[PDB]
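Working notes, beginning with the structure itself.
Chains as they are written, first to last, in the authors' numbering: chain H, 1 to 52, 52A to 52C, 53 to 82, 82A to 82C, 83 to 100, 100A to 100N, 101 to 215; chain A, 656 to 684; chain L, 1 to 95, 95A to 95B, 96 to 213.
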């Protein structure tokens, strides 16, 4: 059908370079303008740069934050768009989308003939880039002990703190998967140190403390480390 | 698509929105 | 350069309700505006271009209007599939900047619920490591809007805490927030009281949950 497939995204150190590529199909790549759009985690969309057809000269126009560092090119021989990123910064991390753009000529008003309406018509799934000096490191799980300052009537709260790990993917369960009601695993947060950190908490009745045994199972496959932490009530 | 367009005719070419704007600009100039 | 402002981040609406999203602009842009959407985990899609023109394949419930500096996106008949974020985009600059809007998420309407405040001190295991983490938990509440301020010995902390929020639960459609205050063991062991002041709607008065380091 009609789609765009980005690739080449991954891990790269600050100051390094990285090359993305997008293959196109279902339309005439050569007669189409192309653009890149990135999205940092938890943030909004941001235009990167665009390129024109070879018939127009392949003029490239970029966004200020990337101007001078990134380069866009195209290869109509294989319906492929490229993004050559050099001198990468931590702030360049995100999901990079490829786009086939369209223009609508201005018509109604004569004195604006020549200008147009530019928009992003077709998007790809995207590919994630991550710029970090961090090295693979397993997490250090810590208790979030329940106490008097963590109980609301007949309901106590407890959890586990999975702190200082890298890269992103880590999974958390409770009692080898037995407990799943009232549990909340918050999204990972990137810390100033370049390492990630999340918290997994669960609500339970205060009458089950000292009887029920709660163990949070942490699995961080990248470092190949598994942990089972038993959280006990603290005063 | 480009391969099937010029498969036979040398003098075949493609037009898009951008050309239109260049014309309305060429007219206005 | 041209900036783009947008409606509050989570605006609440129920199915079959008419919603509007303002997209104030810094500079006059005539009608060089676009509207997009991206579902929670999918690629963005085009909806409205040239401020009013509707993209091919877009349902007719979406409608855009405006000229110059104030723009609007309206979704008359709200349907569950189109619960996503919407961005407006500038396209007026002769030198293309194509600045996007901040975005606007669609929040599922629900009865207002106040949060359950909890606080966990740092474990003696972590203290031995030379770092201290104090976490404050808000659970089962609505709307999303909620502020958390850390106070150490009646001294407001800023810049050394991070927050993490969950999406609406499929069953009760409430949020849950996690605020973590990071601090060195030495700087944590010199102060006594640690407070988590929380301000949220549905709270007659903002609650303050704290604990003494000695107890």
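Beta carbons: idealized from backbone N, C-alpha and C, even for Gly.
{"Item": "CA-to-CA distance, residue 134/L to residue 181/H, given in whole angstroms", "Value": "11 Å"}
{"Item": "Rounded separation between residue 195/H and residue 39/L - CA only", "Value": "35 Å"}
{"Item": "Contact set between residue 672/A and chain H, taken where Cβ atoms lie within less than 8 Å", "Value": "96, 97, 98, 99, 100J"}
{"Item": "Three or more C-beta pairs below 8 Å linking the stretch 3-23 of chain L and the stretch 109-127 of chain L", "Value": "no"}
{"Item": "Min CB distance residue 28/H to chain A below 9 Å", "Value": "yes"}
{"Item": "Inter-residue spacing [alpha-carbon to alpha-carbon] between residue 31/L and residue 53/L", "Value": "10 Å"}
{"Item": "Status (buried if at least 16 other CB within 10 Å, exposed otherwise) for residue 85/H", "Value": "exposed"}
{"Item": "Chain-ordered residues of the stretch 132-143 of chain L with a beta carbon less than 9 Å from chain H", "Value": "133, 135, 137, 138"}
{"Item": "Backbone CA spacing between residue 199/H and residue 174/H [nearest angstrom]", "Value": "20 Å"}
{"Item": "Alpha carbon of residue 152/L to alpha carbon of residue 66/H, nearest angstrom", "Value": "46 Å"}
{"Item": "Helix, strand or coil at residue 682/A according to DSSP, with G and I counted as helix", "Value": "helix"}
{"Item": "Among 36/L, 14/L, 117/L, nearest to residue 207/L - alpha-carbon criterion", "Value": "117/L"}
{"Item": "Between the CA atoms of residue 671/A and residue 32/H - distance to the nearest angstrom", "Value": "8 Å"}
{"Item": "Alpha-carbon to alpha-carbon, residue 95/H and residue 72/H", "Value": "17 Å"}
{"Item": "Residue 87/L beta carbon less than 9 Å from that of residue 36/L", "Value": "yes"}
{"Item": "Residue 681/A, buried or exposed, once every other Cβ within 10 Å from all chains shown has been counted against 16", "Value": "exposed"}
{"Item": "CB contact check: residue 101/H to chain L, cutoff 9 Å", "Value": "yes"}
{"Item": "Through-space distance from residue 11/H to residue 23/H, alpha-carbon basis", "Value": "21 Å"}
{"Item": "Beta strand (DSSP E) segments (min. 3 residues) lying fully within the stretch 3-37 of chain L", "Value": "10-13, 19-22"}
{"Item": "Proximal residues of chain H, C-beta to C-beta of residue 79/L below 8 Å", "Value": "Result: empty, since nearest Cβ-Cβ is about 21 Å, beyond 8 Å."}
{"Item": "For residue 73/L, the nearest candidate out of 186/L, 142/L, 95B/L, 99/L (CA to CA)", "Value": "99/L"}
{"Item": "Proximity to residue 106/H [Cα-Cα], best of 37/H, 112/H, 13/H", "Value": "37/H"}
{"Item": "Beta carbon proximity, residue 46/L to chain H, threshold 9 Å", "Value": "yes"}
{"Item": "Start and end residues, beta strand (DSSP E) containing residue 144/H", "Value": "136-145"}
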